[PDB]
Amino acid sequence: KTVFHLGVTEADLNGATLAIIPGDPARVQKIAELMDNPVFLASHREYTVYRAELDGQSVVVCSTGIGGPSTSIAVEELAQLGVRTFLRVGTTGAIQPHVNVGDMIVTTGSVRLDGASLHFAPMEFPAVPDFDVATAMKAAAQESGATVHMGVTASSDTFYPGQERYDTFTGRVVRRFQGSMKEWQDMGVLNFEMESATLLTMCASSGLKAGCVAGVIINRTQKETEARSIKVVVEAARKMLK
Amino acid sequence: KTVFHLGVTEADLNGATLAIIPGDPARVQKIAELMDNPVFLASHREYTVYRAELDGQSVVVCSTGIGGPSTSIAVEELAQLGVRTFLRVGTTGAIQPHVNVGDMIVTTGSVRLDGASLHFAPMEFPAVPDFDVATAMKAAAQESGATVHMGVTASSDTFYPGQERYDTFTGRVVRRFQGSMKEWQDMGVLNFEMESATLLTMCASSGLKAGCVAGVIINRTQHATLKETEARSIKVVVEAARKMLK
Amino acid sequence: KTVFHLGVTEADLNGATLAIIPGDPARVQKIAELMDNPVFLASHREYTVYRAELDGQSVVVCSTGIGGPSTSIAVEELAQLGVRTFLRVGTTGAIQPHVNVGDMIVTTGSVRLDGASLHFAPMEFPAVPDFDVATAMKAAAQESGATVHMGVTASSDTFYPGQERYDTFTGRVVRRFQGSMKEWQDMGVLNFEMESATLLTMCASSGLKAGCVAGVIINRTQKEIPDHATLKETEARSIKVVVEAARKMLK
Amino acid sequence: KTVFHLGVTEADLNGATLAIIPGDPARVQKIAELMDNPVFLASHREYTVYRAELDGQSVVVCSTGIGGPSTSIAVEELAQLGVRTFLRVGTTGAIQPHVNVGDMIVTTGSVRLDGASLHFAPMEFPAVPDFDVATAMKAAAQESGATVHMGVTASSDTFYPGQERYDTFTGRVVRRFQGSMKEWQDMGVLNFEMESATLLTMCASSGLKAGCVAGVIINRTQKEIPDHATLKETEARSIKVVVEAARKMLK
Amino acid sequence: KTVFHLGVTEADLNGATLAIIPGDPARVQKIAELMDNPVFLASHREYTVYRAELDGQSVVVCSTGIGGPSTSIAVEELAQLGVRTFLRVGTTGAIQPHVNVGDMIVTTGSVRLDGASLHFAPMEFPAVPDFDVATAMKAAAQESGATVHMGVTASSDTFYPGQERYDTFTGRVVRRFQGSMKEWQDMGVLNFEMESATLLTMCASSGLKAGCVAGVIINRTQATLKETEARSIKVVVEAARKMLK
Amino acid sequence: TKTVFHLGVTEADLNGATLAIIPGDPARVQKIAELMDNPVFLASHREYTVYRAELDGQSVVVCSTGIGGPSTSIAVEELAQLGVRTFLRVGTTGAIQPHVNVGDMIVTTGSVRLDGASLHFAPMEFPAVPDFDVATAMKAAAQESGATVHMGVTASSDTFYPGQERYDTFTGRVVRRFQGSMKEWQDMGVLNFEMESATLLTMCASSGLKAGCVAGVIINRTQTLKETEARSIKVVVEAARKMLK
Ligand SMILES: NC[C@@H](N)Cn1cc(F)c(=O)[nH]c1=O
Ligand SMILES: NC[C@H](N)Cn1cc(F)c(=O)[nH]c1=O
Ligand SMILES: NC[C@H](N)Cn1cc(F)c(=O)[nH]c1=O
C-alpha cells in the first residue's frame, strides 16, 4: 500500500496522475508554491514528496536526486500509485553556439550515455518524449517569452568525463568519451544533462508519458532562468490537464 | 554531372528544398499529381523522381526502394542537390490491438533494428524526427479526419526474421529476435517498417529535418481497404508538406 | 503460392533451383538475353523476376535492389519457391593499388558492415560463400580473359560514410568508420560493395549456397580515370562471367 | 569558489585525505559523532558533509545519494579537495542462503550493472577495491564479532528490474535481466547494491583507494523480515566497522 | 633478434616458406616423417619444431598447442622467421549427423567463439582461409579417398561450456552458450574445434596464407582413431606439396 | 571410476588433493614439485604435465596449463572435477609502471579481461578477481621472501603481441582496439601484462573455486634473472602452505 522508498500511499496522492519531477528537493517546495495548498507527504533521502493542487486537480511534485538510478526509483514507485505523466524540469549546459543562456531546451530525444535506460529497453529503443508533453512544454516555454529550442539532448551518467570535462582530478577522459562533445555538436545535439535518457526510455517503454524541459545556465562554447524554468513547467503541467 | 544514383541535377529540382519520399516508385506519380505542375524527372533502379509545385514552391518526390541502404543513398544525393526536409510516407501494419486500420501513425521515434543508422550515429543516438515535421504531419493527419497515433516504430533491416515471422524457408528466427514481437508490443511499439530508423538517424545527425507518417492497412492482431487508406496517406503527406513550406 | 513481394509462384519457376541476382532491374533483361527464351514473371518495386533457360534448364533471374534488406526479401522468397543456389553479380570499387579497373573480384569472405546479416546469425558467424559457387565463379572469370582476384570484401549498408567517402553533404564520417578504409587496406580487403554480407551470411546459415562476383569500375587508390569502353566492356564481361559460373554449377 | 555540487572548500576539510561515504545523508552525522570533534560543514541536495578527527587526523564524511551518477560527483569533487581514500558503508540485502542477517559483506569485486563505471574504464576493467582498504575492512569487521563474507557484489543501475524485481508497475523485466538473479546466485554473488561498481571502477582506475562494506539486514532467499532490534544493531555495527577500518587505514 | 617462444632461428628453417601446424606436439615428428630428410629442431613448451623437405624445398612442422593464444604466438613467430603459408591439420568431432567418421572437413570459414581473433580484426571481419590453400586441401582430401566436406567450423575458446558441455564440475553453462550447439547445428556448422578462428583471422588480416583440414573421428550426435589420424596427415602433406608446386 | 579427458588422471591419483599450483611451463612443474616432497608423475598429455607431490604432509597437485585461457580452462575444469578447489597461478610477467622493478612480485587483485575464455564463464560485467584468502596468502608469501611486492590490477591478454601493444612484429600493425592501449592501462594504474589471469580468475570466482595469481617481474617496457624465477615458485609454494594452514 505504501511504496518502499518514497514512503507514501496512493490515497496520499488524492488521485494525482501527474508529477513534476525536479532533481533538487529544494526546487520541490518552490514549484508547489506556484500551485495551491502544498502538502508535505514524505521526505526520505533525496526524495521529498509533495502534494499540491493545480487548477483544481491534484498533482505530485517529487524530487529525484541526481542520476538515472535514483530517478528510476521515483518514477516506478509513483507509477505504482497511479501516476502516468512525468514532467522533467531543471537546468542544463548548452553546446551549440546559437543557444543562449536564458533559453529553454525541450528534449525531442536523448542520446543514451547512461546505464539505467538499458534496464528498461535495449539500446536500439529510442529515448523519446511523449509528443503531448513535448508540445505542452514547447508552448508553455514560448508563451513565457523565452527563446526556445527543440532538439536532441545528450544524457550522461556522469557530470565530468561523460560530458568531456577535463578540469578534473586526473585530467583524463576514457577513450569512449574523447572528442565526444565535438561529435555531439556536429550531430546537432543541443545540451548535456544527466537524467533524460533513463526518464524517457523507462517511460516510452512502460506506457507512461514523460517529457523534459530545461533552462540554459552555461554554454561550453560561448535566477531569472531557474525561476522561469519552474514557471514554464508548472504551466506545461497546466496544459497537460487539458 | 548528376548525382551518382538518382540521375538528376540541381536544375531538375528547380530550387526544391522539400522532398517527399515514398518507398515504392509506383506511388511517386500519384503523389506528384496531387500537387501543381507534375513533371517526370528520371527513373534509375528504384529511384523514380518527379518535380511538382506546392503553393508556388518546387517539391521533389523520390522513391527510396526498400531498406536503409537505398534510402540512405536517396537522402544523401537529394541533400547534395539542396533538399533539407524529408517527409516519408507509406502504408504500414500495426502491432497494437487498439490501432484500427485507417488510422495514421506518425513516428515519434524508431527502434534501430537496422544497420545503416550506425553509419551516421552510434547506437545511443535517438532515431527521432524533426519536431516541426512530426507536428505538421499530426496536424495534416488529423485534418484528414482520421484518428492519429504518435508513437514508436520498430524499424527492421529484414521483413521476415527481424519481424519475427516463422512462415519462412527455414522456419527459424535467430536468438536476438525470438520473442521480440511480444517484447516490442509490451514496450508500446506501434508498428514495423524498414527505413525509418535509417532516415530519422541520418537526418537528425546531419542538419536535416525528417518525419514519417503511415496509414494502417492491416493489424497484426490477426485487408480490404488498401486503396483508400493509401489515398488518404499521400493526401496527408502533401498537406504536411504545404504546412512545412508555409 | 504467390510470395508476398516477388509475386510469382513455384510453378512460374519450372523447377528452377539456381537464381542469378543482380541489383539493377535493367541488368536482369541483359542477363536473361545471354540465356534462352526470357519469361517476364513479375515486377513489383525493385524486384523484377524472369525465368530463362540456360543449357535447356530453367533458371531464375531476379533483381534485388540496393542493400541487404532488399536482398534478403528476394532471397527468402526465391528460397520458399525451391531456389537453393544464388549468384550475386555486380560492380565494385577496389581499394588495393594492384587491382585495376576491369579485373574481377570473387569474394571469399565479407566484412559485415551491414545490419541484415545479424537477423540471420550473430556477428561471430562468417559471411562466407559456398565453396563450389566461388570455384565455378573463379573458373568462369579466368576463362573469360580477365585478371582475377580472390579475397575479402567489405560489405557496407551505406555507399557513403561506411565506405569512408567525405565528398558528401556533411563531409564528415562517424567515428566507427573514421580511418576505416586504411584499416581494410592494411588488412588485405580487396574492395567495397553493399550486399555480399547479408547474402553470404543468410545463405551460409540457412542451407543455401551462394557466391558473389563483381567487376571493378573504380579504384580509390589509382589516380587514373577509366573510360566508357572498358566500362561497358567489363560490365558485359561480369554478367557473361556470372552465366558461365552458373553453367558450371548446373553440371 | 567552492566545488560545484558539494559546497565545500579544501580549507573546510582541514587536510583530510580519507572519506567515509555512506549513501544516506541521515547517516553522516551519526558516523561523524563516532569520531572526535565532529563539525557540520555543508548540506546541498543529497550531499551532506561533515568533518571529524580520528586519532589526530582530519576525516570527512560525505553522503553520495542513490546510484553511480550521484556517487561519481561526490567522489570526483572530494578528490579535487585532496581526498585519496574512500570507504563505503551501508546496509544490504544478501542473495545467498548461507549469508545471515547481521553478517558483514566486504566487497572484493563488483559485477558492473551500472553505466557510470564505463565513463571511467571500459567494461573489461575489473571493479576492484584497494587491497589495503578491503584488508582493513575485513579486520574491522571480524573484530566486531560479526560473521564476515568476502565476495562478489552485483551492482545495478536500478532497484527494480535490474535486480530482477517483478512486483512493479508493468510487472516486466527486460530480457537481459530475466533469469539474472539465479545467474548471480549460481555465480556466488553475495548481494545486490547500487553504487559499488561505479565507485570501485572510478577509484581503481584513477589513483584512489576504495573499498565497500555493508551490513546484511535482510535476505531475499528467506521469507522472513528480521528482528527490528537487529536492524539498528546491524546498522550501528555497520558504521562501527567503517570507523575502525578507517582508523586502520590511517597510521 | 631471435624468436622468443619458439627457440629456433631463421637459419634453422633453411628457407622454409610453408609450415604445417598441428596442435599436439606429439604429431610433429610423424608429419615430418612423411617428408624427406626429417630433422628435430627444438622443443620449448607446447612448441615442438621440425624441418623437412618436400620436393627440394624446406618445410617446417610446428605444434601450436591448445587454443588461440598459443597458436597466435607460434604463427607470429614463424612469420617473423619467414613463413607465409600455414596448413592446420588435426582430428575433430562433427556435429552434423550426415558427416561420418573418417571423412575430412575443410574449413571455409570459422565462427569466432574466441578472443584472440579480436586482437587482429574486429568481429565483422570473416575468419576465412586462403582460397589456394583450401583448394589444395580439398584436392588432397578428395584424392585420398575420403568423403570431403567444405563448410563452417565453430571455433571455441573453451572445450567445455563454449561447446555446450554440461558434464562438468558446475553442470552449468553461461547464457550466451545455452542452446548454442543446436543453433550452430541448424545454421549448418560442420564441427567444433578451438584454434581456427584465431589462425584464419590473424592470417587473413596480415598477408599470410592459411587453411584448416581435419579428420572426423567421432560424431557428437551419435583403429579409426589411428586410421583417421594417418589419413589426415597424409592429406595435409599432399596439400603442402600442391601449395609448393 | 573416471579419467578426465585431457589431463588423463583420476581423483584417486590426487590422493585427496584439494589444492593445485598451476604454472604455464611443464618444465616448471618438476621445478615447483622439487620444492615439495615425494613427487609423483601422474601423467603428461600434450602440454599438461600433472604431478602429485606432498607439501607439509598434505597431498597437492602441480599441473601445467600451457599458454592461454583456453588451455588453462581445461586444466582447471578437469582438476575441479577431481576435487581440486583452490588454484595458485605462478608465472613471469612484464610490468608497465616505471616504479616497478625487475625482480618485484605482483599479486593480482583484479584483471582487465582482454581474453575470450572468461566470457565463456561470466559476462564481461563480472569481475575477474582472486579469492581473498589466496591474494592475502600470496602477498604474505611474497613479502616474507624479502622481495618488493605490489598489489594491483593486471592486464590479461589473449595475445603476446598486438594485445600487449607490441609493434615489433611481422606486420607492425595493431588493431584499433589495442592502439593507444598500453598508455591507457598505464594511466589507469594497471601494473602488468600477462595471458592467463582473466580466464582463471573469472572462471574460478564464478564457479565456487578459489584462485589467485602471483608473478615475478622479468621486464619493464618503460625502462631473465634466475634469482627472480626461483623467488617466484618459492613464494607460490609458500603461499600454498599458508592456504593449507
Ligand atoms: N611467455 C610470455 C607470457 N606468457 C607472459 N608475459 C611476460 C611478459 F614480459 C609480457 O610482457 N607479457 C606476458 O604475457
Ligand atoms: N548539476 C548539473 C545537473 N545534473 C544538470 N547539468 C547542468 C549543466 F549545466 C551541465 O553542464 N550539466 C549537467 O548535467
Ligand atoms: N552503386 C554502388 C553499388 N552499391 C556498388 N558499389 C559500387 C562502387 F563503385 C563503390 O565504390 N561502392 C559500391 O558499393
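Each chain gets a letter, A, B and so on, in the order the sequences are listed, and its residues count up from 1. Counting convention: from 1, in listed order, for ligands and their atoms alike.
Taking the side chain as every heavy atom from C-beta outward, F:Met182 and F:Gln164 never approach each other to under 4.5 Å. Under the 4.5 Å side-chain criterion, counting only non-hydrogen atoms from C-beta, F:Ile218 is in contact with F:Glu229. Counting heavy atoms from C-beta outward, F:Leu200 and F:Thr65 have side chains that stay 4.5 Å or more apart.
For ligand 2, the atoms lying closer than 4.0 Å to a non-hydrogen atom of A:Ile218 are 9 (F), 11 (O). Interface atoms of ligand 2 facing A:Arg165, defined by a heavy-atom separation under 4.0 Å, are 11 (O). Heavy-atom contacts of E:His5 reach the following atoms of ligand 1: 1 (N), 2 (C) (cutoff under 4.0 Å). Within the listing of ligand 1, atoms 9 (F) sit less than 4.0 angstrom from a heavy atom of F:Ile219. Atom numbering of ligand 2 starts at 1 in the shown order; those under 4.0 Å from a heavy atom of A:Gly93 are 8 (C), 9 (F), 10 (C), 11 (O). Proximity to A:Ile217 (heavy-atom distance under 4.0 Å) selects the following atoms of ligand 2: 9 (F).
When heavy-atom distances to ligand 3 are checked against a 4.0 Å cut-off, B:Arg45 has no atom that comes that close, whether in backbone or side chain.
Rounding to the nearest 0.5 Å gives a distance of 11.0 Å between CD1 of F:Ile96 and NZ of F:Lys183. Note that the CD atom of A:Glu46 and the OH atom of D:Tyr47 stand 9.0 Å from one another [nearest 0.5 Å].
Considering backbone and side-chain N/O atoms, C:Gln163 comes within less than 3.5 Å of an N/O atom of ligand 3. Not a single N or O atom of C:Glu195, backbone or side chain, sits closer than 3.5 Å to an N or O atom of ligand 3. Residue-to-ligand polar distances keep A:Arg220 apart from ligand 2: every N/O pair is separated by 3.5 Å or more. Among the atoms of C:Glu193, none of the N or O lies under 3.5 angstrom from an N or O of ligand 3. Ligand 2 has no N or O atom lying under 3.5 Å from any N or O atom of A:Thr92, backbone or side chain.
Scanning the protein for heavy atoms near atom 2 (C) of ligand 1, the closest one is F:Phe160 CE1, 3.4 Å. Nearest protein heavy-atom contact of atom 8 (C) of ligand 1 is F:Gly94 N, 3.5 Å. Protein heavy atom at the shortest distance from atom 12 (N) of ligand 1 is F:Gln164 OE1, 2.7 Å. With respect to atom 4 (N) of ligand 1, the closest heavy atom belonging to the protein is F:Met195 SD, 4.0 Å. Considering only non-hydrogen protein atoms, atom 5 (C) of ligand 1 sits nearest to F:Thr92 O, 3.8 Å. Among protein heavy atoms, atom 11 (O) of ligand 1 sits closest to F:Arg166 NH2, 2.9 Å.
In this structure, A:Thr91 is part of the shell of residues with a heavy atom less than 4.0 angstrom from ligand 2. The shortest separation from a heavy atom of F:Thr93 to ligand 1 is under 4.0 Å, placing the residue in contact.
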